[PDB]
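Below is one structure, written out as structure tokens, with a few remarks after it.
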There are 2 protein chains.
Amino acid sequence: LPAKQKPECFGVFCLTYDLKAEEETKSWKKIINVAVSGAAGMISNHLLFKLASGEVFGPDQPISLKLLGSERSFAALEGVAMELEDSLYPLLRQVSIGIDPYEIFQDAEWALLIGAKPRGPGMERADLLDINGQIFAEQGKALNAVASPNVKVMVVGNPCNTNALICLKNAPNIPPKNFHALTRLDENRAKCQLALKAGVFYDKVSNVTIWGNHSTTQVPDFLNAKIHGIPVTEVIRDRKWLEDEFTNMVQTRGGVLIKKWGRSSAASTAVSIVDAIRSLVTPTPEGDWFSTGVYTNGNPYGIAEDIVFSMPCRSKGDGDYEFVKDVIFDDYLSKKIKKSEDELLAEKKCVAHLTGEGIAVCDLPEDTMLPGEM
Amino acid sequence: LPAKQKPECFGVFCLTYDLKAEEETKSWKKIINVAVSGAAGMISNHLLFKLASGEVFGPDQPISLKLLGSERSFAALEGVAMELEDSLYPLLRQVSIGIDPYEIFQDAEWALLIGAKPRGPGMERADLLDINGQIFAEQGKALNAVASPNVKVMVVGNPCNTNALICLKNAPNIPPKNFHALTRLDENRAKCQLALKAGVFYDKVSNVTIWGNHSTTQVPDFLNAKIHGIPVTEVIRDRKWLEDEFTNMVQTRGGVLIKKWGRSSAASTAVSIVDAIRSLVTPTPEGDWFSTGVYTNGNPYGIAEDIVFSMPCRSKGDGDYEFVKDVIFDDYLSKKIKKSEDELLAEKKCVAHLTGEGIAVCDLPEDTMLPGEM
Ligand SMILES: NC(=O)c1ccc[n+]([C@@H]2O[C@H](COP(=O)([O-])OP(=O)(O)OC[C@H]3O[C@@H](n4cnc5c(N)ncnc54)[C@H](OP(=O)(O)O)[C@@H]3O)[C@@H](O)[C@H]2O)c1
Ligand SMILES: NC(=O)c1ccc[n+]([C@@H]2O[C@H](COP(=O)([O-])OP(=O)(O)OC[C@H]3O[C@@H](n4cnc5c(N)ncnc54)[C@H](OP(=O)(O)O)[C@@H]3O)[C@@H](O)[C@H]2O)c1
């Protein structure tokens, strides 16, 4: 539980200048502090450079990276940091690597929590929740204790939704609206599938939203989606497909992707992550929206409270967001969303011992983790 | 030796629109055709998305990717292309994957030839040159036969320098000035090292040039380099270091990098590659320069002709370049450059059977391949 223990910089990033705003590069904004857990993993190995290049926050936004890793993968983190220095990225004003959350999360304005333990060979969902839940329970206290009171936290380590509930549950000082579960890779994969069916390039499909858990209970919402400007429903008139098939296509994208030999969707996920961050740092296009697993309290859809449930949101580009109100539902959608909700509330109970609710009671389906995920 | 055999597109990229310049996105330039060999490898897995994101050619430059792979790694290429489609990159107007150079290199304006066979466990340099030389001999004929008469070719597969000589030697219709050997990762690594020693951030070091082969005979030129605006020589006054140590630090960067467990400098190399391309597509900053293994004919330094020797160049950002004339040399520099030249001319002879010169005569040192390279 550190205090006074500040994070040490990394070679060259220690030799950095004053602060962009007054001598050279006065065009640059004030530096943004970004923390990344799972910093030595594959998604990170992609994400990091996209951040450093200004692809994420812009070309006039000097960045500071605080890479949180783990004992075992420390050599790896040193390596990534070594690649970071040989990249000569001007925006990357400073980087620091370490294994202590209370040190690394120190002053973080964005906490991109990718990284959690992989599903064991014969591991039951409940324990998958327990193990990673603990990691996130801890990172939550750290964030709470030593991070910017308005840290925008973005969770990608599975089970992301619950992992996020836990994180905010252990980080009371931090606004729960700030915690996001990454369902965006799912959104992108779904646009691609709706473009593929309709015979249009993915840049013509929009208003795609994902509801529920980042698991096989999520719902690639085709009812409110649009292609070219008109509801998907009246472009892909094959209604049976949309209901009986669409979902399973997005739901297995990663699974087929992995068949093209063993690599995870690192590059794509790395991309989803930046698109995710941008949807909060950039004003949502007129009439469109993005998907994010966020806290349910305040939602107008009727979804249960006290959980992290992905839903349509729009932003003015300030880090915050608001739920999208102009949306419709039917028997299909309504029942599918409610079915994911059931799952989530069960994980919640199964994770009562890491959320501060009480004794855990697990009754979960060991078949829901998305194909292709580590 | 295809003709009439055109490259088929890939799912979603087949459903693409007209051509940016007249309906929507009239701000966009005319599409650029980019071919990538070794498309399913690690450096590519990084490079590709940087290209697609517009990081390389700009945000108003729609791109077309022609990914050349190999039979064995075809499943992998399908996978990368699958990640490409789930990324929803607007600039990535079209992509096509395949294993035939005469098909894939069809109409290429940029041929980023990363990818060649790795050094065998007990493989002698000569054969390393032979094996990869053949690949490049073939890709050269293809490029020559079916590519844009002004293809800018950028070789990264080792032995890059010779591999490039061979490529242009088998591609007579294509201007030899167009072939580039990637010595940029080396340049970047060296700036980082000169920044580290002088106690300044890498953004204060400039005019670093690399001469010779992309091997342990190259010369991280500290004599013409500058820090803050004044020659490195009068900032890092520890002259013995610059001569006796500097070189070995850059020369082993990859070697130490790999010690931080088994991953190649994929992310960094991916970065060097884009910096390389930009130095040709962007006007070189006033007084600075970049390093590139290019054809020697016309050089004013005294370096031997008919080889690919990295040297200082500047560009107006049109794809072409010119050698930098305002540069000095001393006993140290002069002798070191000449020693790399010796190597190169020996590889040249060792590769006479792939260059159209005659019977090969190999007499090479089996210790020169840079630490950390596959
Ligand atoms: N939401 C999505 O769509 C999505 C997509 C892909 C993956 N995921 C999920 O995210 C998790 C892993 O992501 P991945 O596939 O990218 O794996 P990965 O790149 O291989 O990274 C896994 C990480 O676990 C890390 N680790 C263990 N304990 C940690 C802790 N105390 N703090 C920080 N890092 C810790 C390791 O740390 P080091 O960094 O030190 O190695 C390692 O990097 C999985 O549960 C996976 O299912 C979600
Ligand atoms: N200049 C530099 O500083 C630098 C830096 C790093 C590496 N390199 C050199 O580049 C070469 C490999 O790069 P790497 O480390 O990035 O390896 P990598 O990512 O693992 O890729 C190696 C590739 O060899 C490919 N291949 C074999 N025959 C091919 C052909 N007919 N056409 C197209 N691709 C072919 C494979 O094809 P698939 O794409 O189908 O798998 C594979 O991707 C090595 O010789 C290495 O030393 C140079």
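Cβ sites come from the backbone with ideal geometry, for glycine too, and all protein chains shown count toward neighbours. The values are calculated or read from the model by the stated rules, or taken from the named source; no laboratory read-out is quoted.
Every residue, every condition in (1) of a type outside the set (D, E); (2) more than 14 Å from chain A (Cβ to nearest Cβ); (3) within 14 Å of ligand 2 (Cβ to nearest atom); (4) closer than 20 Å to B:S265 by Cα, yes or no:
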| residue | (1), (2), (3), (4) |
| --- | --- |
| B:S44 | yes, no, yes, yes |
| B:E78 | no, no, yes, no |
| B:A81 | yes, no, yes, no |
| B:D100 | no, yes, yes, no |
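Can we say B:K349 is more than 22 Å from the chain's Cα centre (by Cα) and surrounded by 15 or more Cβ atoms within 10 Å (Cβ to Cβ)?
It is true that B:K349 is more than 22 Å from the chain's Cα centre (by Cα) and surrounded by 15 or more Cβ atoms within 10 Å (Cβ to Cβ).
Name the residue that is farthest from the other protein chains (Cβ to nearest Cβ), counting only residues in segment A:152-170 that are assigned to a helix (DSSP H, G or I) and within 14 Å of ligand 1 (Cβ to nearest atom).
The extreme case among them is A:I166.
Condition test on B:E305, is it part of a loop (DSSP other than H, G, I, E, B) and either in contact with a strand residue (DSSP E or B) (Cβ under 9 Å, 6 or more places away or on another chain) or among the polar types (S, T, N, Q) (or both)?
In short, yes.
Go through (1) under 21 Å from B:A52 (Cα atoms); (2) basic (K, R); (3) within 12 Å of ligand 2 (Cβ to nearest atom) for B:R93 and report which single condition fails.
Result: B:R93 fails condition (3) only.
Per-residue answers, yes or no, for (1) closer than 29 Å to A:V256 by Cβ; (2) touching a residue at least 60 places away in the same chain (Cβ under 8 Å); (3) aliphatic (A, V, I, L, M):
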position	(1), (2), (3)
A:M311	yes, yes, yes
A:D318	no, no, no
A:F329	no, yes, no
A:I359	no, no, yes
A:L370	yes, yes, yes
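What's the number of the condition A:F74 fails, among (1) more than 13 Å from chain B (Cβ to nearest Cβ); (2) aromatic (F, W, Y); (3) farther than 12 Å from A:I31 by Cβ?
Result: A:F74 fails condition (1) only.
Exactly one of (1) more than 14 Å from chain B (Cβ to nearest Cβ); (2) closer than 27 Å to A:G212 by Cβ is unmet by A:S96. Its number?
Tallying (1) more than 14 Å from chain B (Cβ to nearest Cβ); (2) closer than 27 Å to A:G212 by Cβ, A:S96 fails exactly one: (2).
In this structure, is B:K325 surrounded by fewer than 17 Cβ atoms within 10 Å (Cβ to Cβ), in contact (Cβ under 8 Å) with a residue 12 or more places away in the chain and not in a helix (DSSP H, G or I)?
Yes: the conditions hold for B:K325.
If you scan segment A:113-128, which residues turn out to be within 11 Å of ligand 1 (Cβ to nearest atom) and either of a type in the set (S, T, Y) or buried (at least 21 other Cβ atoms within 10 Å of the Cβ) (or both)?
Answer for segment A:113-128, where residues must be within 11 Å of ligand 1 (Cβ to nearest atom) and either of a type in the set (S, T, Y) or buried (at least 21 other Cβ atoms within 10 Å of the Cβ) (or both): A:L113, A:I114, A:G115, A:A116, A:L128.
Could you grab me the full set of residues in segment B:47-62 that are surrounded by 24 or more Cβ atoms within 10 Å (Cβ to Cβ) and in contact with a helix residue (DSSP H, G or I) (Cβ under 6 Å, 6 or more places away or on another chain)?
B:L47, B:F49
Mind checking which pairs have a first residue in segment B:210-232 that is under 16 Å from B:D244 (Cβ atoms) and outside the structural domain of B:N188 (by CATH) and a second that is within 14 Å of ligand 2 (Cβ to nearest atom) and not in a strand (DSSP E or B), Cβ under 8 Å, 6 or more apart or different chains?
Close Cβ pairs (under 8 Å, with a partner that is within 14 Å of ligand 2 (Cβ to nearest atom) and not in a strand (DSSP E or B)) do not exist here.
Looking at B:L88, is it within 16 Å of ligand 1 (Cβ to nearest atom) and within 14 Å of another protein chain (Cβ to nearest Cβ)?
yes
Looking at the structure I just gave you, is A:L15 of a type outside the set (K, R) and crowded, with 24+ Cβ neighbours inside 10 Å?
Answer is no for this residue.
Only residues that are exposed (fewer than 15 other Cβ atoms within 10 Å of the Cβ) and of a type in the set (K, R): list them for segment B:213-250, please.
B:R237, B:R239, B:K240
Hey, could you check segment A:9-42 for residues that are of a type in the set (K, R) and away from chain B (no Cβ under 14 Å) and say which is farthest from A:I277 (Cα to Cα)?
Per the criteria, the residue is A:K26.
Would you mention how many residues in segment B:123-147 are charged (D, E, K, R) and within 26 Å of B:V34 (Cα to Cα)?
Within segment B:123-147, residues that are charged (D, E, K, R) and within 26 Å of B:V34 (Cα to Cα) number 2.
I'd like the residue in segment B:187-206 that is more than 10 Å from every other protein chain (Cβ to nearest Cβ) and not hydrophobic (A, V, I, L, M, F, W, C) and, out of all such residues, is nearest to A:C14 (Cα to Cα).
B:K197
Take A:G69 and tell me if it is over 24 Å from the mean Cα position of the chain (by Cα) and within 14 Å of ligand 1 (Cβ to nearest atom).
no
Does B:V271 satisfy the criteria of being in contact (Cβ under 8 Å) with a residue 24 or more places away in the chain, farther than 20 Å from B:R125 by Cα and either buried (at least 19 other Cβ atoms within 10 Å of the Cβ) or more than 16 Å from ligand 2 (Cβ to nearest atom) (or both)?
yes
Identify all residues within segment B:173-209 that are without any contact (Cβ under 8 Å) to a residue 40 or more places away in the chain and in a loop (DSSP other than H, G, I, E, B); write none if there are none.
B:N173, B:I174, B:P175, B:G199, B:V200, B:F201, B:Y202, B:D203, B:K204
So B:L65 clears everything in (1) in contact with a strand residue (DSSP E or B) (Cβ under 6 Å, 6 or more places away or on another chain); (2) farther than 24 Å from A:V56 by Cα except one condition, right? Which one?
With respect to (1) in contact with a strand residue (DSSP E or B) (Cβ under 6 Å, 6 or more places away or on another chain); (2) farther than 24 Å from A:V56 by Cα, B:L65 is out only on (2).
Anything in segment B:242-285 that is outside any helix (DSSP H, G or I), over 17 Å from the mean Cα position of the chain (by Cα) and facing chain A (nearest Cβ under 8 Å)? List them, or say none.
Passing the criteria: B:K260, B:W261, B:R263.
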